[PDB]
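Data block below; observations after.
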Amino acid sequence: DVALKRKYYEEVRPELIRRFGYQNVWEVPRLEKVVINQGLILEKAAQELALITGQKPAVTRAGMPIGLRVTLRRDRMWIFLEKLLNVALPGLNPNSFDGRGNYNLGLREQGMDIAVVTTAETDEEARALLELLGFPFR
RNA sequence: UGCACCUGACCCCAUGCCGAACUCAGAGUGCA
Ligand SMILES: CC1(C)C(/C=C/C=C2\N(CCCO)c3ccccc3C2(C)C)=[N+](CCCO)c2ccccc21
Ligand SMILES: [Mg+2]
Ligand SMILES: [Mg+2]
Ligand SMILES: [Mg+2]
Ligand SMILES: [Mg+2]
Ligand SMILES: [Mg+2]
């Protein structure tokens with residue numbers, strides 16, 4: 001299955017426990033979902049986004065159609081993130097957390113807005129989660 | 001302007017109960 005997911009359970013979760021003193025494993029910050037929005041024919045862009053995420057994009061409308069959105073959870077989230085980190089990005093802004101433990105990245109390369117939503121309640125906990133998963137910050 | 005977060009339900013719409021979800025709305029946080 002997914003190496004990044006295995007890295008979470010084997011490496012990241014125990015380090016977070018040591019670092020923050022969570023007394024049960026279900027308290028430890030987890031990835032919840034990754035939402036990708038691509039602003040805007042539409043059929044080609046939807047097919048490319050479908051190919052890269054493995055999931056059917058919804059059409060965001062003002063329609064008039066204005067963008068494409070996909071909410072990735074579970075294995076599709078992990079598989080997409082493994083690609084983003086290992087293939088696409090080859091540092092991220094460490095200040096781009098939303099104040100509630102979620103990370104925001106806007107790309108105008110290879111605009112695409114990515115929200116990494118976590119169960120961390122603080123930016124600090126979320127930053128540690130993502131850094132330990134291998135997100136390149138600084 | 002958009003997505004995410006946040007907070008709600010006059011309004012289109014919604015729950016085979018629940019504005020949880022879906023829909024919609026809004027001076028604030030993040031990014032583009
Ligand atoms: C270019 C874009 C998406 C952007 C655009 C604002 C666009 C408009 N705005 C501003 C907000 C209006 O509703 C207006 C206003 C009246 C008529 C037309 C417009 C348009 C041109 C659609 N904005 C908002 C500008 C910051 O306030 C950003 C910000 C960062 C990166 C990229 C952007
Ligand atoms: Mg959070
Ligand atoms: Mg009402
Ligand atoms: Mg809500
Ligand atoms: Mg439903
Ligand atoms: Mg809205």
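The figures that follow rest on heavy atoms only: side chains count, while hydrogens, waters and symmetry mates do not. Numbers restart at 1 for each chain; the letters A, B, ... are given by sequence-line order, proteins then strands.
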In whole Å, I'd like the distance from the [atom1] atom of [X] to the [atom2] atom of [N].
X	N	atom1	atom2	result
A:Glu32	B:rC6	CD	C1'	14 Å
A:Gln38	B:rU1	CD	P	22 Å
A:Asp98	B:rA32	CG	P	14 Å

*Confirm or reject stacking between B:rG8 and B:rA9, applying the criteria of under 5.5 Å between six-membered ring centres and under 30° between their planes.*
yes

*Could you work out the separation of B:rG28 and B:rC12 based on their P atoms and round it to a whole Å?*
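Nearest-Å result for B:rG28 against B:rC12 at atom P: 28 Å.
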
*Considering just the side-chain nitrogens and oxygens of A:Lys33, establish if one lies under 4.0 Å of OP1 or OP2 belonging to B:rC3.*
no

*asked:* Both A:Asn102 and A:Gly99 contact RNA chain B. Taking the nearest nucleotide for each, which residue is further toward the 5' end?
replied: A:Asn102

*Start at the 5' end of RNA chain B and walk down; is the nucleotide closest to A:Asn95 or to A:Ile36 reached first?*
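Checking each residue's closest nucleotide, the 5'-ward one belongs to A:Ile36.
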
*Of all of residues 46-78 of chain A, which get a heavy atom below 4.0 angstrom from RNA chain B, listed by number?*
A:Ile66, A:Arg69

_Listed partners of A:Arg138 passing side chain to side chain donor-acceptor pair (under 3.5 Å), at least two apart_ = none

*Salt bridge between A:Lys5 and A:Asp75, side-chain N to carboxylate O under 4.0 Å?*
yes

*Less than 4.0 Å between a side-chain N and a carboxylate O, is that true for A:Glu131 and A:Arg127?*
no

_A:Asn37 side chain, from C-beta outward: closest of B:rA32, B:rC31, B:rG2_ = B:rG2

*Nearest to the side chain of A:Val35 - B:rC3, B:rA32, B:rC5?*
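Nearest nucleotide to the side chain: B:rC3.
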
_Watson-Crick or G-U pairing of B:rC13 with B:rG19, both H-bond distances under 3.5 Å_ =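 The answer is yes: B:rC13 partners B:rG19.
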
*asked:* Suppose we call a contact any N or O donor and acceptor under 3.5 Å apart; does that hold for the side chain of A:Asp113 and the base of B:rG2?
replied: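 Donor-acceptor pair under 3.5 Å: yes.
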
